[PDB]
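Everything below concerns the one structure shown next.
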Amino acid sequence: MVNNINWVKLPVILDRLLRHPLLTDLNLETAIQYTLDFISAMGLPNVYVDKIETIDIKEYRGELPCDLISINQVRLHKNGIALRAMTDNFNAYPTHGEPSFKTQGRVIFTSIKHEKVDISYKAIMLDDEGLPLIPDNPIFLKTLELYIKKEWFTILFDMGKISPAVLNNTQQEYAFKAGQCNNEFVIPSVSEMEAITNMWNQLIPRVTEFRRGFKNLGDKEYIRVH
Amino acid sequence: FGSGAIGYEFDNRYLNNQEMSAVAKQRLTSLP
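For the record, the sequence lines run as chains B and N. As numbered in the deposited numbering, residues 1 to 96, 107 to 236 make up the first sequence, in order. For the second sequence, the deposited numbering gives the first residue as 214, with consecutive numbering after it.
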C-alpha cells in the first residue's frame, strides 16, 4: 500500500451515508454489521493489526488468543523454526519429523507435546469502545458507503420501494469502487517494490524464507567480484 | 351520498401502477 492507514471511528461512515434521504434509518448497529461484512469480503491484510503472542503447548494442544482472526506463522520459541500445516491424519493418536500445526477454534493442534510457540496473528484495530476501527482512506470510505447503500437498496428493491435502474446504478458504482479499493490496498509501495525486486532477481535462488519468519524475503542478493 | 375512502385508494393504486410502468422503461445505455 502506498498510503498509510490513519484510523478513524465507525460513525465517520454515517457522516456520509445519511446525506442520502433514503439512508436516514441506518444506525451504528447496522453500520457495525455491514462494515464487518465489507472488511471480511474484501480480505485486505493491511486493515488488520499485526500482533505476536506466545503460548504454551500442554500435549499437542494450546490455548489460542481471544482476538485472533488469522495466523501469519507459528514457530518454536527456543529454536525459531517455523511450523507448517499439518497434513497428518493421526497426529496425537499412537499405535500399539518436521513440526507442524493446525488451528480450528480457540485450540491449536501442534505436533509437539510440551513447548512454547510464537504465533504472529492478525486482529482488528478497536476503539476506546469495543467496536471496529476503520481506515479513513476516502476510497475505502466511499466503497464501504456504496456497500451499505447497495445492501439497503437491495432490501428496498425486494420490497418494491426502489426502481430497478436505481439498484443497477448502485451495483455498478459499487463494483467499480470495490475493484478500485482492492487495487489501492494491494498494489505495492516503492519500499515494498524494493523488497519484491530483491526477492525476484536472485542469481542463487533463496527458497527457505519460511523457516525464518520471512525475515530475508526482501534482502538483496550480493555476489562477490572475482 | 359521498365517501372517498375506497375510491381514493384505488386511484392511488392505479397511479402507482402507472408509476412503476413509467420507471420500468428507464435504461442507462451502453456501447458509446
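Using N, Cα and C, we set each Cβ at its ideal position, and we do this for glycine too.
query                                                                                                                               : result
Spatial neighbours of residue 105/B in its chain, beta-carbon cut-off 8 Å, leaving aside the 5 residues before and after            : No coordinates exist for residue 105/B in the structure shown, because the numbering of chain B passes directly from 96 to 107.
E53/B and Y131/B closer than 8 Å at C-beta                                                                                          : yes
DSSP-derived helix/strand/coil call for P45/B                                                                                       : helix
Helix, strand or coil at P21/B according to DSSP, with G and I counted as helix                                                     : helix
Beta bridge counterpart(s) of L166/B as assigned by DSSP                                                                            : DSSP output for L166/B lists no bridge partner at all.
Beta-carbon spacing of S121/B, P109/B below 8 Å                                                                                     : yes
Best match in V127/B, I118/B and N72/B for proximity to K225/B [C-alpha to C-alpha]                                                 : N72/B
Of the residues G115/B, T113/B, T207/B and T87/B, the one placed nearest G107/B, counting alpha carbons only                        : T87/B
Chain-order list of residues whose beta-carbon lies under 7 Å from that of residue 238/B (same chain, five-residue window excluded) : The shown model of chain B, from 1 to 236, leaves out residue 238/B, and the question about it has no answer.
Residues sharing a beta bridge with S130/B, DSSP                                                                                    : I52/B and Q73/B
Endpoints, alpha helix (DSSP H) assigned at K187/B                                                                                  : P174 to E194
Boundaries (first-last residue) of the alpha helix (DSSP H) holding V8/B                                                            : Unbroken run through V8/B is the beta strand (DSSP E), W7 to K9; no alpha helix (DSSP H).
Chain B residues whose Cβ lies nearer than 9 Å to that of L241/N                                                                    : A175, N178, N179 and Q182
Buried/exposed call for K238/N, threshold 16 Cβ in 10 Å                                                                             : exposed
Cβ pair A133/B, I69/B closer than 8 Å                                                                                               : yes
Burial state of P145/B (16 or more Cβ within 10 Å)                                                                                  : buried
Extent of the continuous beta strand (DSSP E) run through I144/B                                                                    : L143 to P145
Chain-order list of residues whose beta-carbon lies under 8 Å from that of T164/B (same chain, five-residue window excluded)        : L177
Straight-line gap, residue 105/B to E219/B (C-alpha atoms, nearest Å)                                                               : There are no atomic positions for residue 105/B here, as chain B continues from 96 directly to 107.
Where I81/B falls, given that 16 or more other Cβ within 10 Å makes a residue buried                                                : exposed
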